[PDB]
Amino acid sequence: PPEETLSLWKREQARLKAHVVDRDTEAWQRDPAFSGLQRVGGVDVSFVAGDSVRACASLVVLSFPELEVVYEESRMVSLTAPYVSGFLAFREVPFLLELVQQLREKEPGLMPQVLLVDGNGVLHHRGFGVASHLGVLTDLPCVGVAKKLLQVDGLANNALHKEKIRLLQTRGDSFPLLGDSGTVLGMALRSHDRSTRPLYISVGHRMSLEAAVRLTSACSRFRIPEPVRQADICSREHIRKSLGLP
């Protein structure tokens, strides 16, 4: 894309990042068992294999703590914004925001109290990933749940990182991800007793990192937390139906 587009995207990230709230704002977030939390949402965008434009965007809502799907919606979309590392949210957030608003008007009684986002929050090139960008615009508590480590602010998958993973033992075990300067950007979380590869959790909006990590653990029946896993499944199924794939 033109340099003017990146410059204005950077400025919009800065505008919105100033609205990120990196503390807990709801009583349910400050309770050990999340008393008062009833619905947790999950979001996904998945590209059609062999394509960088056509994709499926999905929103699911699950009951908590039962983790049963109570709402699901998937839509095929065309991601026409250019792809630039550090700016993925500009491709994906428009469609996820539209799904949340459709829910808010169609069935407000099913609105999630928090979203688990397949993507990063403040652990990001500019401290403002998809989870933070979606969180600020929806004004919903949002957690970034990433399956791989984004190597930003001096973070690296190095010998130290691998030894810290070795010392993770069970579901719920976690260690902090410290930016080169001293800002903790997220946590690596072992989400399942039988998997060694952690998830990388960071604040999106309106949650503390400690609470976000605990919520992600509470939502994990398998390695991928249930709201994220169900949104991924919904997108894959919708693509296969829409394109007639066996």
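Numbers follow the displayed sequence, beginning with 1.
Once the C-alpha B-factors are averaged per stretch, 135-143 and 102-110 rank with 102-110 first.
Annotation for 159-167 versus 79-87: the higher mean temperature factor (C-alpha) is found in 79-87. Highest C-alpha temperature factor among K10, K17, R236, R229, as the PDB entry reports it: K10.
Set against one another, the Cα B-factors of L178, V43, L189, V70 in the record reach their highest point at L178. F47: CA B factor lies in the middle third for its chain, per the PDB record.
Sort the chain's modelled residues by C-alpha temperature factor and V61 lands in the lowest third, per the entry. Looking at the C-alpha B-factors along this chain, the one for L97 belongs to the middle third. For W28, the recorded CA B-factor ranks within the highest third of the chain. Only modelled residues enter the ranking.
The entry lists a Cα temperature factor for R214 that places it in the middle third of the chain's modelled residues.
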